[PDB]
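Next up: the same protein chain in two forms, each one alone, written as structure tokens (structure 1, then structure 2).
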Structure 1
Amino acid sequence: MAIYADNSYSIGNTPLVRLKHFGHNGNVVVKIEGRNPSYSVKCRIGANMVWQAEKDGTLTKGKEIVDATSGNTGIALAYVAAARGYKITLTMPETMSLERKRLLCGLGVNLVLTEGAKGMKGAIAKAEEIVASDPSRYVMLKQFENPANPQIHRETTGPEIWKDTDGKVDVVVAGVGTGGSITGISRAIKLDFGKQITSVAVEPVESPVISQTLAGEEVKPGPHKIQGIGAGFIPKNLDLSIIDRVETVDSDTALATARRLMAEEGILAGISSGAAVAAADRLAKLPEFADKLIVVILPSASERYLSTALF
């Protein structure tokens, strides 16, 4: 038939929409990862990191999920925990938007707010304390280094892009947070489908640690408003070997592009979706990419950024 046993199995199969006010002669095509169980790309890894943990016995009945995240990964793990019957504790600074806090409370996760001045480090700290108090009961999924992260993109997101474009995709543009998306997609298309595309990583110009690293320059991260990317470091789940190009975008332009997506394309896209498009638009208007079909990842949806500068 086509009936999913729980909500975690309904992930993926996100659509491709062709942009009309970006690129040149419709060479920019976006992938709407907002059309997911919890309305973000993270739904794929929230599912697979849990499925994998079960498969190798690290996650069993009675066990409890504890992790640190202040983005869509928390919402992704939350719905999967609920759908599959796991208790879950998520740690994050008390600096979080009340909107997302109530959303998580609606999903039945134990909220642990760490000190604001501590930030994420304090969040990871508390989460690691909790696990340490009962290492037999608690399990941390660790999105940045868990191989289950980019693996699911190699098995789903990548093949979806390949099938929908009939293998005519020449470029993939994606922001980097955990790096799992670009890694899995690139690995899928370059190795499993054997086509030598151009993988483009997008990062904030405010915190361009990938551009700085590849050039041997001094790594100097910084604050930005492009939620979802710009971790300030190189994640283990970012495979540099498959990265062909690194584009940088500023927050202000990324915001503007996201507004343009709504008012002009009729696409409810997130902030990082604007950054990814703004970068692809730049490439698309290069005569070297005029022939090339450019597929862009739109990680999330607008209504998640209601209380932000997006509106």
Structure 2
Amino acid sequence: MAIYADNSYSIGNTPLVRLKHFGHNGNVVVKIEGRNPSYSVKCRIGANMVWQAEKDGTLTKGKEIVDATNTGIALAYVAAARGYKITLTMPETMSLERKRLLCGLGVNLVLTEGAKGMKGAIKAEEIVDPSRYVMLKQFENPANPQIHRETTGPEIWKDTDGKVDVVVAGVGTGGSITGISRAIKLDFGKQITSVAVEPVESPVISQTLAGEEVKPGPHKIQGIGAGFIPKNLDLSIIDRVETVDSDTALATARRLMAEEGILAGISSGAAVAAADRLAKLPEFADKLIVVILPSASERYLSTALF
């Protein structure tokens, strides 16, 4: 009987869809993480961070969840499904529909100033006298990459029958590309190309790897470009870094909608734009490129996407 005891266990098994108007002869395939319990890739880590914290006793009945953040919407539905209280912090700058959703899920919301971005959101460590609160810390909590190592990567391996050659993923916390790369490279033993994507507006991974001045900047690609290197980004399994600009990312997401019939978020367009560039290099012509589409476009109705 495939009946889940609560919504948190229904995470993953997202589909692979071949692109028709990007890439070269179908070499670009997308993984639609929009099709998850709270409709983003973060559902996977919202569940596992809560699960793991239960497993080692730091999360118990009567403790209240805290973190800074789609991760919020993920933790909120998990908190609701499993019966936890939850306070959150989010940059004010994020789309209204994720603001609106959190309130309906029972969250104690606390917006933070947009100019300070995620660093400002992480005004959350402030929040956690302990004993009552527990902060889950998505940017460094290893339970974030390991759910991707346990489910998302294996889903990609199985659905491609081991044929995946390249994985393209935008980087926020870095959990996705880390767990996925570790699974396919270390668990399944295949030397793929792991491609991190970041905004050209805030290319801190590129600058770091080049031994250059780290200069983050503001951008419109919600989800990625934290402005620093997160602990949950394993630089050692990253083979390549692609940068993408906001306008192109937006245009690409619109194209996914109107030309492919795929309802994808802003960061999904960035990831595909990056993948499309690699896919049109002759060196990648015989390569199957798998691209993570982290979220769905209805969570961006209030944004420059529409």
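So that the term is clear: the rigid core is the largest set of C-alpha atoms that superpose within 1.5 Å between two forms. Only residues modelled in both forms are compared. Counting starts at 1 with the first residue of structure 1 and goes up one by one along its sequence.
K.L.:
Where does the C-alpha shift reach 2 Å or more between the two structures among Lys163, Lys101, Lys195, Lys168, given a fit on the rigid core?
P.N.:
The one that shifts is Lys101.
K.L.:
Classify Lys118 as shifted (yes) or not shifted (no) between the two structures, where shifted means its C-alpha moves by 2 Å or more with the rigid core superposed.
P.N.:
Yes, its C-alpha moves 2 Å or more.
K.L.:
On a core-based superposition, does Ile152 travel 2 Å or more at its Cα between the two structures?
P.N.:
Moves: no, less than 2 Å.
K.L.:
Establish whether a shift of 2 Å or more occurs at the C-alpha of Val80 between the two structures, with the two forms superposed on the rigid core.
P.N.:
No: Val80 shifts by under 2 Å between the two structures.
K.L.:
If the rigid core is lined up, how many Å does the C-alpha atom of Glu64 shift between the two structures?
P.N.:
That residue's C-alpha is offset by 0.8 Å.
K.L.:
Just grab the Cα shift of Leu90 between the two structures for me, core aligned, in angstrom.
P.N.:
Rounded to one decimal, the shift is 1.0 Å.
K.L.:
Only counting residues present in both forms, give the runs of 3 or more in a row whose C-alpha shift is 2 Å or more between the two structures, core aligned.
P.N.:
After superposing the rigid core, the shifted stretches between the two structures are 91-102, 112-124, 126-130.
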